[PDB]
Amino acid sequence: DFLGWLXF
Amino acid sequence: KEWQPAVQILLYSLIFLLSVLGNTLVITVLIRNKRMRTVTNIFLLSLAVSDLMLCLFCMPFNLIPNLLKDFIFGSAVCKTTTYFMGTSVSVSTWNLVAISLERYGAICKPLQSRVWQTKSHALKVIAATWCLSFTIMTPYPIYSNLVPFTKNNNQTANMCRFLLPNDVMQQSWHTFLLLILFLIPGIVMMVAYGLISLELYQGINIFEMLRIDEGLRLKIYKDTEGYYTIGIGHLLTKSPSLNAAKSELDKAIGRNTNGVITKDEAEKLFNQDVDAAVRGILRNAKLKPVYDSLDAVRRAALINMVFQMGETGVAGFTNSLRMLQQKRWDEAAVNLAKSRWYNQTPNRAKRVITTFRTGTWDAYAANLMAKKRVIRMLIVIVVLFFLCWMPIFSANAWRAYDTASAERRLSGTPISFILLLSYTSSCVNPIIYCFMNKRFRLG
């Protein structure tokens, strides 16, 4: 459920 | 399962070693050899510094947080890495358009670009590229914070996410970046590299051929016959008069330079001499019949001979002139290889003969083929750079317009490979530099 991502 | 983390470690460890070995190599060979530091290579040094900035200071803080599913590092580094991740792409895109503008001014308009190919100009634009990139990407350290979340059985964990006030400010930011970092740099590079490819397709001409066969010497210098010549093979006088060489020179130009003609003054005299050589062929009743029946490549070779020997001298080549009109090229080459002009200047004569024999510019297609090699490399690194960073910028726009659907479809393994593609862009540039010079010998 880390869901999404770090910007770049 | 175990296969996804294992392949993520060996892929990231390989691209880390590749980008840290090549970029460290290219910054060394440029800082060691001042002979290599051309205007184009100065930008490529800045491009290599950003690729190492993005690999050393940013690539770890993207893999091990993902492998841990938690941003164990502090909140100040979530603001620092995202700041450097954004600055690195901005300078890399805008240094790739600086080389396109450099190659355009040096090839398409070599007359009015002198203010660009000076080394002091390239230093102040890479200073402006790095300075403004840190200023433009200021929202990233500001609006980057740690987002708490629970994993398994009330396991508190943080993640580093870029969050703006509202969704309107989010979708207007990713649109601004796609516009200022990809769309605008894209059209200005296609019109630059497109106009460059148009000039390079024009091929070698007679003015470039004669400029190769003669060269430029500003001071009055002795030619092969011993008479004083200036500029690009402009004979002053055949009479042994050192004073008449200065008077006849100042008679043509507009001042008494005393033998110090500027580079733009020699081009005006070189253009006038070619007109005097082509109109001497038209008035000659022996050179004009063979000039009208020759190819554009072979016509230039006939004028190259008139430039060096004169109208009356080449008109005496009656055996070779008829052989050229007889379209028997290989026989005219053997007849021309036995004259006084071939023995007085063997190197110049061999080139002009091979153009008569083949009808191609292969004898002078050297610096043009080297300029074609550089542009083809620069076009590849631009396509490879865009192919790597487009998936992440397009996915960030999808996340800004439909955050639920974008995060749902790609957040585990798909976004793990999308980011991996964006990090390979840092190491592909050193690999191309190697594959240009004899690296294909290895096996």
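Note that the numbers count up from 1, one per residue, in the order the chain is shown.
How was it done? The header gives X-ray crystallography, 3.0 Å.
Note that Cβ sites are derived from N, Cα and C of the backbone, with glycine treated the same way.
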Partner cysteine of B:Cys160 (disulphide bond, per Swiss-Prot) from B:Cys55, B:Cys58, B:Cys78: B:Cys78
Per Swiss-Prot, B:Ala106 shares membrane side with B:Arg409: no
Cβ contacts of B:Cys160 (disulfide bond) (under 8 Å, same chain, 6 or more positions away): B:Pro65, B:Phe71, B:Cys78, B:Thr81, B:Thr82, B:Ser144, B:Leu146, B:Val147
Spatial neighbours of the transmembrane segment (B:175-198) far in sequence, C-beta under 8 Å, 6+ residues away: 89-90, 93-94, 96-97, 100-101, 103-104, 107-108, 136, 375, 378-379, 382, 386, 389-390, 393-394, 397
Cβ-based contact of the transmembrane segment (B:413-436) with the transmembrane segment (B:42-68), 3 or more pairs under 8 Å: yes
Residue distribution over DSSP helix, strand and coil in the topological domain 'Extracellular' (B:398-412): 11 helix, 0 strand, 4 coil
Residue with minimal Cβ packing [other Cβ atoms within 10 Å] among the recorded positions B:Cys78, B:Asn154: B:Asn154
